[PDB]
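Just one chain is shown here, as structure tokens, and it is the form deposited in one PDB entry.
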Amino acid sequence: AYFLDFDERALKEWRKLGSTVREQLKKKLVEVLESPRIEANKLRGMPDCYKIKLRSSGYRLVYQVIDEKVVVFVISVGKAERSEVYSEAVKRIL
């Protein structure tokens, strides 16, 4: 299993999340820690990035897998609408 870390800005997003949505993402995030490279969820663009999707929120969590630190690094949590959550993730990695 992998350890967990958050970007400072991503952790704030996490705590601002509504209760029901956070719990939904939390269950999936905990599953992710057991084995975080889930090829179906791999994001295009820079390597080692994956998403967690909800069927109808439509909130998203973006994380980077960092093997050298055995860590899942949460970089962005927010809305898929207008690709907000994804553009922020790229911005925070650069």
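Only residues modelled in both forms are compared. Rigid core (definition): largest C-alpha set, two forms, superposition within 1.5 Å. Heads up: residue numbers just count along the shown sequence, starting at 1.
This protein has a second form, the form deposited in another entry, left out of what is shown; the following refers to that one.
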Taking the rigid core as reference, does the Cα of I75 move 2 Å or more between this form and the one not shown? no
My question is whether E88 is one of the residues whose C-alpha shifts by 2 Å or more between this form and the one not shown, given a fit on the rigid core. yes
With a difference of at least 3 Å, the CA distance of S83 and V71 in that other deposited form shows the atoms farther
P36 and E84, C-alpha gap in that other deposited form relative to this structure (3 Å or more): farther
Core-aligned, C-alpha shift of at least 2 Å, runs of at least 3 residues: can you list them between this form and the one not shown? 80 to 94
